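Undergrad: Structure in structure tokens, see below.
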Amino acid sequence: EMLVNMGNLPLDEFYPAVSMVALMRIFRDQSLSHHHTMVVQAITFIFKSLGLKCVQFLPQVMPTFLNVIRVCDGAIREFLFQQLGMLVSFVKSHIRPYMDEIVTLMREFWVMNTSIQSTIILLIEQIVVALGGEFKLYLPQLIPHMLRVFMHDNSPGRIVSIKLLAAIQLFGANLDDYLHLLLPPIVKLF
Amino acid sequence: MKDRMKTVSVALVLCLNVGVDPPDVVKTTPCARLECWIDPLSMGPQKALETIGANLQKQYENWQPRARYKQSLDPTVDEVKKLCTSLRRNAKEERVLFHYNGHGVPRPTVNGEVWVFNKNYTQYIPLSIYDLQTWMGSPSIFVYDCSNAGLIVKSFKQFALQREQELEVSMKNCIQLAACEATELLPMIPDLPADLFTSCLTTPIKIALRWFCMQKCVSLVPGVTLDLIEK
Amino acid sequence: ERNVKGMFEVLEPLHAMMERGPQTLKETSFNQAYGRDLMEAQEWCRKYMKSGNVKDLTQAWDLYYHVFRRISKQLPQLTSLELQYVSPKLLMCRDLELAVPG
Amino acid sequence: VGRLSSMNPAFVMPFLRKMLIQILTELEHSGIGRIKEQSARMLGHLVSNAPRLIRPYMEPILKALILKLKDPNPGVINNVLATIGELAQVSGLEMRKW
Amino acid sequence: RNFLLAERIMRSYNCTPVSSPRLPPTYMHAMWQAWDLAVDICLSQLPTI
């Protein structure tokens, strides 16, 4: 396709665009199981370097990336969630349409496991500042993981629950309906 | 009760530059679009810029018709000067209504200024706000429908304090309504009318009903839809 | 001097074929946004059609020139048209007893 | 409050309504036995104590109760059964569908 | 009067609209629940009316 693609374009755009297309073929393949960090961090660096100017690549990249995450081997999938976090803080409101799937991954993969817990407890805050009001539609999907682990975190001093204790402070107005569920566990703890 | 200063007139400095994105913003397809429940994207572009001004006046006439209206479309400083000073000159002690919209016009400056000249390209212009401060020195009201209105209010205090720093030789009786605080930025959820603060100040019932019907997460009366609360 | 060909033959049948047709089987009021000034020129045209009074002629034409001049700015900049506003029965038929057009 | 509901409705009525939605939300998204159980209990306990308040929007209460019966400590199902009993007793002819 | 209605919806979202005079907050007040009941009573009927 390159002679078509190059044949269409002013110079600047076709550098990252051909970079994206070049990587995306590998992104669509099991050889990614070796080059994962490289391809993923390359994307991250490219989106970072562009802001407004990588929104245009969401329609290819994001659904591919979700398929990658849900296929990926756990010991490195753990790492992918950090990368998705940073992709979200570049992308902001334009993340909207995928959010159902993104929340589903966080539904599927949350258990007693420390590294998944800590990475996802971070990941949330990026979703929150992107979805500063909107997030409410999804909060009820996540209350059922939060309430359990808030009162069963096995770690010394319930430490990821101490991180959640800060994280909760972000939610502000969009928490408003559910305070009645969420308050009493905090009162037991103090 | 003594005092019966009524209103003079509404400025309606309806700064929109219809269709021209103020380069600050990036939209998305699910976009907040409606203003005074008209969509310009699906209408005659440069024509429809008049229609909205008359519509907004007719809404204000429900709340009081015994005072006047100038429909002021992307006005440059000279146009602003003509509009505000002519109306103020007709009655000095009486309340003027300053009303604005910050569309097709970038975010307000640190020093309370605007972005319109001969509808060229969202062109930066000083708003003469510290002169407006004596045009509105006698009683008036202000409405600021824009992405950082609390900044306009704060900077209005800094200019009013600069007026004090002359007056040392009515600091602000006049009313002000700010569509958000300085730090905030307006919402972009397509289920919202875009002129939300005005839409509330002008048509509270439509807002309340259209807010209401979305809010809860089980509809204890289930038959209701948007379609019925129109009717 | 070939008067009939323009005013009589086109202009009253024109306005009659706004008044039934797009004043009903299209969105009456906004089609009537032109129609309501075309109407006031149409009155003067209808006066002239039967009268032969050359004042009714110049009235009919000057009024028509004014609404023509409104229309002259808008024919250049209509582009994409909502299909039920194109006709309120159009758009609304679905999944027919018809194969696709020939 | 269930009792006084007939005397001074202006304070009492709305307050009660807020409780109702909060309790249906709890019944919808609780993961815990203890809270699910207490939810159903408090609902059932309220209905007959101020019956005039439930007549106007029974049907989503009932739909929720059916869905709790439909799929699982049996105490939660016991409280929901007791609640159907009270609800039908209050409702009268309205009940016929389910 | 409409400004109080604005305070409610705006705090639903991420807005905190502000006034020339130094007003105290209102969004919480019990009388709002009297409004919301009155609307529900009304719109129970409208699906037939």
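So you can find residues: chains in the structure tokens are A, B, ... in the order shown, residues in each start at 1, and ligands are numbered from 1 in order.
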How close does each residue of chain E get to chain A, giving the shortest atom pair and distance in Å to one decimal for every residue with an atom at most 10 Å away, counting only C-alpha atoms, sorted by chain and residue number, as a tab-separated table?
TA:
```
residue	atom	partner	partner_atom	distance
E:10	CA	A:173	CA	10.0
E:11	CA	A:173	CA	6.6
E:12	CA	A:173	CA	6.1
E:13	CA	A:133	CA	5.2
E:14	CA	A:133	CA	6.1
E:15	CA	A:133	CA	9.7
```
Undergrad: For a quick test of understanding: name the residues of chain B lying within 9 Å of chain A when counting only C-alpha atoms, and present them as JSON, numbers by chain.
TA: {"B": [26, 27, 28, 187, 188, 189, 216]}
Undergrad: Save out the residues we just selected, C-alpha atoms, as a PDB file, in the first residue's frame.
TA:
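And here's part-v2.pdb as it stands now:
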```pdb
ATOM      1  CA  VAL B  26     -11.068  19.214  19.912  1.00  0.00           C
ATOM      2  CA  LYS B  27     -14.640  17.815  19.506  1.00  0.00           C
ATOM      3  CA  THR B  28     -15.845  14.213  19.168  1.00  0.00           C
ATOM      4  CA  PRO B 187     -18.985  19.603  29.468  1.00  0.00           C
ATOM      5  CA  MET B 188     -19.131  17.913  26.019  1.00  0.00           C
ATOM      6  CA  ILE B 189     -21.718  15.110  26.655  1.00  0.00           C
ATOM      7  CA  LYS B 216     -31.862   7.243  38.282  1.00  0.00           C
TER       8      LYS B 216
END
```
Undergrad: For chain B, work out the contacting residues on chain D at 9 Å, counting only C-alpha atoms, and write them as a list in words.
TA: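 Going by the stated atoms only, the list reads residues 21, 24, 25, 56, 57, 58, 59, 60 and 61 of chain D.
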Undergrad: Suppose you want the space between CA of residue 96 (chain D) and CA of residue 75 (chain D); what is it in Å?
TA: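 Separating CA of residue 96 (chain D) from CA of residue 75 (chain D) is a distance of 26.7 Å.
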Undergrad: Just want the 9 Å neighbourhood of residue 46 (chain C), counted on only C-alpha atoms, with same-chain residues fewer than 2 positions away dropped. Output as an MDAnalysis selection string.
TA: chainID C and resid 7:8 11:12 41:44 48:51 56 60
Undergrad: Export, as a short mmCIF file (atom, residue, chain, number, x, y, z; two decimals), in the first residue's frame, the selected residues with N, CA, C and O atoms.
TA:
```cif
data_model
loop_
_atom_site.label_atom_id
_atom_site.label_comp_id
_atom_site.auth_asym_id
_atom_site.auth_seq_id
_atom_site.Cartn_x
_atom_site.Cartn_y
_atom_site.Cartn_z
N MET C 7 -46.04 34.85 -16.58
CA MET C 7 -46.75 35.14 -15.31
C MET C 7 -47.96 34.23 -15.16
O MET C 7 -48.12 33.63 -14.09
N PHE C 8 -48.80 34.15 -16.18
CA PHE C 8 -50.12 33.49 -16.04
C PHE C 8 -49.85 31.99 -15.84
O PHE C 8 -50.25 31.39 -14.81
N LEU C 11 -46.85 31.22 -12.90
CA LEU C 11 -46.79 31.73 -11.49
C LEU C 11 -48.02 31.35 -10.66
O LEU C 11 -47.79 30.97 -9.48
N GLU C 12 -49.26 31.38 -11.16
CA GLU C 12 -50.35 30.90 -10.26
C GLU C 12 -50.29 29.37 -10.12
O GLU C 12 -50.31 28.89 -8.98
N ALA C 41 -46.47 38.27 -3.69
CA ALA C 41 -46.26 38.49 -5.14
C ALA C 41 -47.36 37.78 -5.95
O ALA C 41 -47.87 38.39 -6.93
N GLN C 42 -47.76 36.55 -5.57
CA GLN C 42 -48.82 35.74 -6.26
C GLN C 42 -50.17 36.49 -6.27
O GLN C 42 -50.83 36.46 -7.31
N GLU C 43 -50.55 37.14 -5.17
CA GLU C 43 -51.78 37.98 -5.12
C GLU C 43 -51.74 39.02 -6.26
O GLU C 43 -52.70 39.10 -7.05
N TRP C 44 -50.65 39.78 -6.36
CA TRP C 44 -50.49 40.84 -7.39
C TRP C 44 -50.46 40.23 -8.79
O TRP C 44 -51.03 40.84 -9.72
N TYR C 48 -53.20 40.88 -11.77
CA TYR C 48 -52.79 41.21 -13.16
C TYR C 48 -53.38 40.22 -14.18
O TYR C 48 -53.86 40.69 -15.23
N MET C 49 -53.33 38.91 -13.90
CA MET C 49 -53.78 37.82 -14.82
C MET C 49 -55.13 38.18 -15.45
O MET C 49 -55.29 38.04 -16.68
N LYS C 50 -56.08 38.62 -14.62
CA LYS C 50 -57.47 38.91 -15.06
C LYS C 50 -57.62 40.40 -15.40
O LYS C 50 -58.35 40.69 -16.36
N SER C 51 -56.95 41.31 -14.68
CA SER C 51 -57.17 42.77 -14.82
C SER C 51 -56.62 43.30 -16.16
O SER C 51 -57.31 44.11 -16.81
N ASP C 56 -50.58 46.29 -11.77
CA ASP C 56 -50.60 44.95 -11.12
C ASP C 56 -49.37 44.16 -11.59
O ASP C 56 -48.74 43.49 -10.77
N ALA C 60 -46.51 42.84 -9.11
CA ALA C 60 -46.27 41.37 -9.11
C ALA C 60 -44.78 41.12 -9.30
O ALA C 60 -44.18 40.39 -8.49
#
```
Undergrad: Between CA of residue 161 (chain A) and CA of residue 146 (chain A), what is the distance, to one decimal in Å?
TA: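 It comes out at 9.0 Å.
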